[PDB]
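Working notes, beginning with the structure itself.
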Amino acid sequence: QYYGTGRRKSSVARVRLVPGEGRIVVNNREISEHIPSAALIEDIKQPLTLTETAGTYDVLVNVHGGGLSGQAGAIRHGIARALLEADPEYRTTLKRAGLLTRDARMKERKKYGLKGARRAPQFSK
Amino acid sequence: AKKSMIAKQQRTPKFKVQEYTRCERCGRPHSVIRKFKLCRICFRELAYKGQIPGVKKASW
Amino acid sequence: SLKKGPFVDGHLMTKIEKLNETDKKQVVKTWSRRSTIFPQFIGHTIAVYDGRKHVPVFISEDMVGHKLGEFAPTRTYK
Amino acid sequence: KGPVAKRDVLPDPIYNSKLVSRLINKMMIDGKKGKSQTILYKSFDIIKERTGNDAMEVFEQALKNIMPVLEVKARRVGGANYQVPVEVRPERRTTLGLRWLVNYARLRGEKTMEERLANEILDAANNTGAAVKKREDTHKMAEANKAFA
Amino acid sequence: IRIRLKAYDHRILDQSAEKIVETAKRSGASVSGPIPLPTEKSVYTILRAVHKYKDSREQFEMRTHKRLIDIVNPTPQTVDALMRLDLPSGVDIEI
Amino acid sequence: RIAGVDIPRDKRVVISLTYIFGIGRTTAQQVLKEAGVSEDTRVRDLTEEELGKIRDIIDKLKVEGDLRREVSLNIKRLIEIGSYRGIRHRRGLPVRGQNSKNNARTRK
RNA sequence: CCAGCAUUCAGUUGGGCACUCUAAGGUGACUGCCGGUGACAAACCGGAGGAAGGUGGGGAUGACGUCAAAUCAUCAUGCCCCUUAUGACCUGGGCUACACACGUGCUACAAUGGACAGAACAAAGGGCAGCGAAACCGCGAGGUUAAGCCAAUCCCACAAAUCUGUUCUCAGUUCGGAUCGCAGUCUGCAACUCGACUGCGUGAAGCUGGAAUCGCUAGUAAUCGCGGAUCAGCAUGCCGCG
RNA sequence: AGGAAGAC
């Protein structure tokens, strides 16, 4: 019943993995008509395959907020937190492999007199 | 001539759509705030003085 | 005046009605560009304020839906 | 000032086929992906059994035949605005090769996107190519004006 | 019974929060902790200059925030005692 | 053909009927919905009885030259009324009211 | 919040804070350790628990002064006319005109699309002379009586771009939507001069634009929407958010 | 040792 948190790009997700037979599910709707955008498929298939803990645990995922790719990053951070909670013996191998960054790349505060907080409107002599 | 139109402002007008907003602490229309009834000039001067206790410098 | 009829200046409405119910008379002095032409006003002579003067206009039968205002344009170009 | 580069890794280091993994999950993004990639896969199939051999080596020699080795820059000397050829770093080679591939594929104009992308892949596969001919234009300018060093 | 309080100054609202918790606890009124409610925001934008330079602007923040407490048991004598208890002029109590 | 002028041959009827004057996409949709042609039909395959009944229903609707003469009658009526808006059509200036100095370039 | 439980299509409820969430005290990143340079100093480069290593990202913050830069349009001695008037009251007009040239933006010229049908993911603000749900009427903006809300409950709030199907097959076209006539909805005493929006029909130029020229370096450009402010009503303007 | 370029 190991429990992990993940946050990326104004969205949060919580993951609970318990010993199963390797079942993976978000929001109790399944892969075909719940999961488009196969970046999510490589998201859900990468870390269990790179570890040797693939067919042992089943995971329920709950989701709040945000968009699709930021949601996928929240899935990344949630399952990384879940694995570092559950099996810390190769957590250091996961560290120097990476994927634990929790990027601070959020939307920029719009600046007055600028269009998109970098773009000055236009200039002429 | 400003206080002629100030007299228009405190006096009730003929028809109710003819009524308009003026800040009446300082003397102008044109960017009065509704919920303070202060325009930009006298608002920012008296806010740097420090009244309207909700208001401070903004940054996030 | 979109659903409930033409919206006019009733004082000179009743003035011109009490004119035309008795007789035919001289031009109707008006500052008001406000009024819609009612269909019973056929054949009258209206002096409309253009901003500088009161222009005379005769009212034809074809004054179907448009208001009185277009008889005196307020701008002169060439 | 000074140049600086970063590190980032998308794929797995081991048990990862490079071109197959790229083909299934890498570097085409921001929508209109699914139907385009399925019809693009069957475009790969129709050119697979259109050629009489494996199609990956002719795709890679298409990448070689679009892949430039030299280009030439303009430098200000004298009153003539002369041109200087230069040897090229491999990341710049890759960026130029894919950039000419995509913009001439979208630039020549054809019926639709999958058959036109396959059209300039096969046009790069044989030597008689349009953007391939532009790569040899970059050379024939380079070894026309490489007497400047 | 639920009591709210909403104002600008979170310092003096915090010492008001433990002072009302202290009075309710010394009265034995089945106390509950003060829950932090989310703030409300209004950011105004003012022309920096007086006559010109539209790209010169300034921003003024107004932030006001609220907290809630709840009393489960009736306890009417202590409830009337905390009605008659005096409050500061910034705590802005709502019943 | 239908209103005395020709029709495209190899496109759908709900689009092809928009070619003839004074009738449009939404109107063609709402007449062919009750006509029952399933909104995909080449004119190379049809029946004479459905052709005749669409002929009489587009005959009853205001299609061929009557909309042209109607708007011409109203606009000439506006010319001998005068009344500013007719002067705007006669001069070619924009009528519904706009900034006549900046663009004004669809007309004149 | 429904994890851990019992319950129902509304998972509303009976029960509980561990998590997101709202937030006070903090914990925290400060050249803190190793190596090599640097006369051993200050500093630079590569490494480690780390969320981030060399001011983590952004805002606010703008020195002495220059341009006799801008504002007598908030206030104020300096002169000018008035006080039987450049000062006053109201009605109508004009600030929105138009042969033209320019500044800034919006919408496009399309099949990395248009149209139609279905499944979606939900940031930040505003609401009582208000926000207004359900339902009904309406080929439409809207109208009807109207539950709830002085607001982490009710409303705006039905996010689009996104993902699956059919069509168009390269055309001034099913592109593009401007002008024009008819008939309307709302606001307002009043929409002609001079409001917005809708249903029709009409369908224009435009097939990615010469000289030159503009913005942009860890969510940045570009696109897609969403709010908000002045205000009875009026966004492509401005501010803010994803 | 590596271009001709006016006036306020």
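Residues are named by chain letter and number: chains run A, B, ... in the order of the structure tokens, numbers start at 1 in each chain, and ligands are numbered from 1 in the order shown.
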### Task
Would you list the contacts of region 95-112 of chain A as JSON, numbers by chain, taking every protein, DNA or RNA residue within 9 Å and counting only C-alpha atoms (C1' of nucleotides), but skipping same-chain residues closer than 6 positions in sequence?
{"A": [6, 7, 8, 9, 10, 73, 74, 76, 77, 80, 81, 118], "B": [60], "D": [9], "E": [55, 56, 57, 58], "G": [51, 52, 56, 57, 58, 59, 218, 219, 239, 240, 241, 242]}
#### Entry: Residue set, chain C restricted to strand (DSSP E), as a PyMOL selection string
chain C and resi 28-30+45-49+54-58
### Message
One decimal, in Å: what's the spacing between CA of residue 2 (chain F) and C1' of residue 183 (chain G)?
### Response
27.0 Å
### Message
Show me, as a PyMOL selection string, every residue of chain G with an atom at most 12 Å from chain E, counting only C-alpha atoms (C1' of nucleotides).
### Response
chain G and resi 21-24+59-60+70-71+73-74+124-126+150-152+228-229+238-240
### Query
So how far away is CA of residue 68 (chain C) from CA of residue 45 (chain C), in Å?
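Pair CA of residue 45 (chain C) / CA of residue 68 (chain C) returns 11.8 Å.
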### Task
Output as an NGL selection string the set of chain C residues within 6 Å of chain G, with distances taken over only C-alpha atoms (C1' of nucleotides).
:C and (31 or 51 or 69-70)
### Message
Only residues of chain F matter here; which ones have an atom within 6 Å of chain G, counting only C-alpha atoms (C1' of nucleotides)? Give them as an NGL selection string.
### Response
:F and (22 or 71 or 101)
Suppose we keep C-alpha atoms; can you now write the selection as a PDB file, in the first residue's frame?
```pdb
ATOM      1  CA  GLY F  22     -30.421  33.805 -53.680  1.00  0.00           C
ATOM      2  CA  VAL F  71     -33.602  44.622 -53.457  1.00  0.00           C
ATOM      3  CA  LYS F 101     -11.156  57.772 -43.151  1.00  0.00           C
TER       4      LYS F 101
END
```
#### Entry: Residues within 12 Å of residue 31 (chain A), only C-alpha atoms (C1' of nucleotides), excluding chain neighbours under 5 positions, as a PyMOL selection string
chain A and resi 23-26+36-38+40-41+44-45
Please produce a file of those selected residues containing N, CA, C and O atoms, as a short mmCIF file (atom, residue, chain, number, x, y, z; two decimals), in the first residue's frame.
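As written to disk, part-v2.cif reads:
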```
data_model
loop_
_atom_site.label_atom_id
_atom_site.label_comp_id
_atom_site.auth_asym_id
_atom_site.auth_seq_id
_atom_site.Cartn_x
_atom_site.Cartn_y
_atom_site.Cartn_z
N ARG A 23 -0.65 -4.96 -12.41
CA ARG A 23 -1.71 -4.20 -13.05
C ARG A 23 -1.45 -2.70 -12.90
O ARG A 23 -0.96 -2.24 -11.87
N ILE A 24 -1.75 -1.95 -13.95
CA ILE A 24 -1.53 -0.51 -14.01
C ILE A 24 -2.83 0.18 -14.43
O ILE A 24 -3.45 -0.21 -15.43
N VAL A 25 -3.30 1.14 -13.63
CA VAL A 25 -4.56 1.81 -13.95
C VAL A 25 -4.59 3.21 -13.34
O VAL A 25 -4.22 3.43 -12.18
N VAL A 26 -5.03 4.17 -14.15
CA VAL A 26 -5.33 5.53 -13.73
C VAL A 26 -6.84 5.76 -13.81
O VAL A 26 -7.49 5.32 -14.77
N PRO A 36 -4.80 8.49 -24.68
CA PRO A 36 -4.19 8.85 -25.96
C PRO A 36 -2.74 9.29 -25.73
O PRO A 36 -2.24 9.24 -24.61
N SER A 37 -2.09 9.72 -26.82
CA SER A 37 -0.80 10.42 -26.79
C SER A 37 0.31 9.56 -26.17
O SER A 37 0.72 9.75 -25.03
N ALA A 38 0.76 8.59 -26.98
CA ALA A 38 1.66 7.49 -26.61
C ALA A 38 2.96 7.86 -25.89
O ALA A 38 3.69 6.96 -25.43
N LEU A 40 2.42 9.18 -23.14
CA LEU A 40 1.89 8.59 -21.92
C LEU A 40 2.11 7.08 -21.86
O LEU A 40 2.27 6.52 -20.77
N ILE A 41 2.12 6.40 -23.01
CA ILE A 41 2.36 4.96 -23.00
C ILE A 41 3.80 4.65 -22.63
O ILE A 41 4.08 3.75 -21.82
N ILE A 44 4.12 5.22 -18.93
CA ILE A 44 3.62 4.18 -18.04
C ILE A 44 4.41 2.89 -18.21
O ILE A 44 4.34 2.00 -17.34
N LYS A 45 5.20 2.75 -19.28
CA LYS A 45 5.95 1.52 -19.50
C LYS A 45 7.45 1.62 -19.24
O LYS A 45 8.11 0.58 -19.19
#
```
### Query
What gap, in Å, lies between CA of residue 9 (chain B) and CA of residue 21 (chain B)?
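One can read the CA of residue 9 (chain B) to CA of residue 21 (chain B) distance as 7.6 Å.
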So which residues of chain C fall under alpha helix (DSSP H) by DSSP, listed as a PDB file with N, CA and C atoms, in the first residue's frame?
```
ATOM      1  N   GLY C  10     -44.453  62.982 -27.689  1.00  0.00           N
ATOM      2  CA  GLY C  10     -45.905  62.946 -27.706  1.00  0.00           C
ATOM      3  C   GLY C  10     -46.579  64.299 -27.707  1.00  0.00           C
ATOM      4  N   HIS C  11     -45.913  65.330 -27.179  1.00  0.00           N
ATOM      5  CA  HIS C  11     -46.494  66.670 -27.141  1.00  0.00           C
ATOM      6  C   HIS C  11     -46.732  67.213 -28.548  1.00  0.00           C
ATOM      7  N   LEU C  12     -45.707  67.191 -29.389  1.00  0.00           N
ATOM      8  CA  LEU C  12     -45.920  67.622 -30.755  1.00  0.00           C
ATOM      9  C   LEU C  12     -46.540  66.539 -31.621  1.00  0.00           C
ATOM     10  N   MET C  13     -46.555  65.274 -31.173  1.00  0.00           N
ATOM     11  CA  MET C  13     -47.440  64.291 -31.806  1.00  0.00           C
ATOM     12  C   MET C  13     -48.907  64.701 -31.721  1.00  0.00           C
ATOM     13  N   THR C  14     -49.395  64.993 -30.511  1.00  0.00           N
ATOM     14  CA  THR C  14     -50.787  65.417 -30.373  1.00  0.00           C
ATOM     15  C   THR C  14     -51.015  66.798 -30.973  1.00  0.00           C
ATOM     16  N   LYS C  15     -49.974  67.639 -31.005  1.00  0.00           N
ATOM     17  CA  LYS C  15     -50.095  68.932 -31.677  1.00  0.00           C
ATOM     18  C   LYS C  15     -50.316  68.768 -33.180  1.00  0.00           C
ATOM     19  N   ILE C  16     -49.538  67.901 -33.834  1.00  0.00           N
ATOM     20  CA  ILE C  16     -49.730  67.762 -35.274  1.00  0.00           C
ATOM     21  C   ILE C  16     -50.980  66.945 -35.588  1.00  0.00           C
ATOM     22  N   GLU C  17     -51.399  66.041 -34.691  1.00  0.00           N
ATOM     23  CA  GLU C  17     -52.674  65.360 -34.898  1.00  0.00           C
ATOM     24  C   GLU C  17     -53.863  66.302 -34.763  1.00  0.00           C
ATOM     25  N   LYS C  18     -53.857  67.191 -33.764  1.00  0.00           N
ATOM     26  CA  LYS C  18     -54.913  68.189 -33.662  1.00  0.00           C
ATOM     27  C   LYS C  18     -54.815  69.234 -34.765  1.00  0.00           C
ATOM     28  N   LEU C  19     -53.646  69.374 -35.394  1.00  0.00           N
ATOM     29  CA  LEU C  19     -53.554  70.171 -36.610  1.00  0.00           C
ATOM     30  C   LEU C  19     -54.275  69.481 -37.764  1.00  0.00           C
ATOM     31  N   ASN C  20     -53.853  68.256 -38.098  1.00  0.00           N
ATOM     32  CA  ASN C  20     -54.327  67.610 -39.318  1.00  0.00           C
ATOM     33  C   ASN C  20     -55.760  67.108 -39.216  1.00  0.00           C
TER      34      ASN C  20
END
```
### Query
Could you name the residues that touch residue 46 (chain A) at 12 Å or less, counting only C-alpha atoms (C1' of nucleotides), but leaving out those on the same chain fewer than 3 positions away, as a PyMOL selection string?
(chain A and resi 38-43+49-54+75-76+79-80+99) or (chain D and resi 10-13+15-16+25)
Output N, CA and C atoms of each residue in that selection to a file, as a compact mmCIF listing (two decimals), in the first residue's frame.
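Listing of part.txt after writing:
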```
# COMPACT_ATOMS: atom_id res chain seq x y z
N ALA A 38 0.76 8.59 -26.98
CA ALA A 38 1.66 7.49 -26.61
C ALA A 38 2.96 7.86 -25.89
N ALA A 39 3.29 9.15 -25.80
CA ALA A 39 4.20 9.62 -24.76
C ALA A 39 3.73 9.19 -23.37
N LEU A 40 2.42 9.18 -23.14
CA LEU A 40 1.89 8.59 -21.92
C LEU A 40 2.11 7.08 -21.86
N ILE A 41 2.12 6.40 -23.01
CA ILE A 41 2.36 4.96 -23.00
C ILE A 41 3.80 4.65 -22.63
N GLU A 42 4.75 5.41 -23.18
CA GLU A 42 6.15 5.21 -22.77
C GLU A 42 6.39 5.70 -21.35
N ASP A 43 5.62 6.70 -20.89
CA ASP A 43 5.59 7.08 -19.48
C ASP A 43 5.21 5.90 -18.60
N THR A 49 9.77 -1.41 -16.50
CA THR A 49 10.62 -2.27 -17.33
C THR A 49 12.10 -2.06 -17.03
N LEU A 50 12.52 -0.83 -16.70
CA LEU A 50 13.94 -0.67 -16.39
C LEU A 50 14.27 -1.25 -15.01
N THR A 51 13.30 -1.30 -14.11
CA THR A 51 13.50 -2.03 -12.87
C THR A 51 13.10 -3.49 -13.05
N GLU A 52 13.39 -4.29 -12.02
CA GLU A 52 13.02 -5.70 -11.98
C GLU A 52 11.80 -5.94 -11.09
N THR A 53 10.93 -4.94 -10.96
CA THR A 53 9.81 -4.94 -10.02
C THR A 53 8.50 -4.78 -10.82
N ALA A 54 8.50 -5.28 -12.06
CA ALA A 54 7.43 -4.97 -13.00
C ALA A 54 6.13 -5.70 -12.66
N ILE A 75 2.72 12.26 -13.37
CA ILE A 75 2.77 10.80 -13.28
C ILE A 75 4.20 10.33 -13.07
N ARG A 76 5.14 10.90 -13.83
CA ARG A 76 6.58 10.62 -13.67
C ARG A 76 7.04 10.84 -12.24
N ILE A 79 5.28 8.32 -9.66
CA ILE A 79 5.78 6.95 -9.65
C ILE A 79 7.24 6.90 -9.22
N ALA A 80 8.00 7.97 -9.46
CA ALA A 80 9.36 8.03 -8.94
C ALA A 80 9.35 8.11 -7.41
N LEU A 99 15.88 11.67 -13.69
CA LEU A 99 14.41 11.62 -13.66
C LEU A 99 13.84 12.04 -12.30
N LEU D 10 16.37 11.45 -23.33
CA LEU D 10 15.05 10.86 -23.55
C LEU D 10 15.06 9.33 -23.45
N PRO D 11 15.86 8.55 -24.26
CA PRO D 11 15.64 7.10 -24.25
C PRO D 11 16.45 6.34 -23.21
N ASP D 12 16.23 5.02 -23.13
CA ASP D 12 16.97 4.13 -22.24
C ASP D 12 18.36 3.82 -22.81
N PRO D 13 19.36 3.61 -21.95
CA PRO D 13 20.71 3.33 -22.47
C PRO D 13 20.88 1.93 -23.03
N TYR D 15 19.05 -2.09 -24.10
CA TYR D 15 17.88 -2.77 -24.67
C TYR D 15 16.97 -1.79 -25.42
N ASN D 16 17.59 -0.89 -26.18
CA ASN D 16 16.89 0.16 -26.89
C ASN D 16 17.41 0.22 -28.32
N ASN D 25 8.48 6.21 -31.01
CA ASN D 25 8.10 7.15 -29.96
C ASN D 25 8.86 8.48 -29.92
```
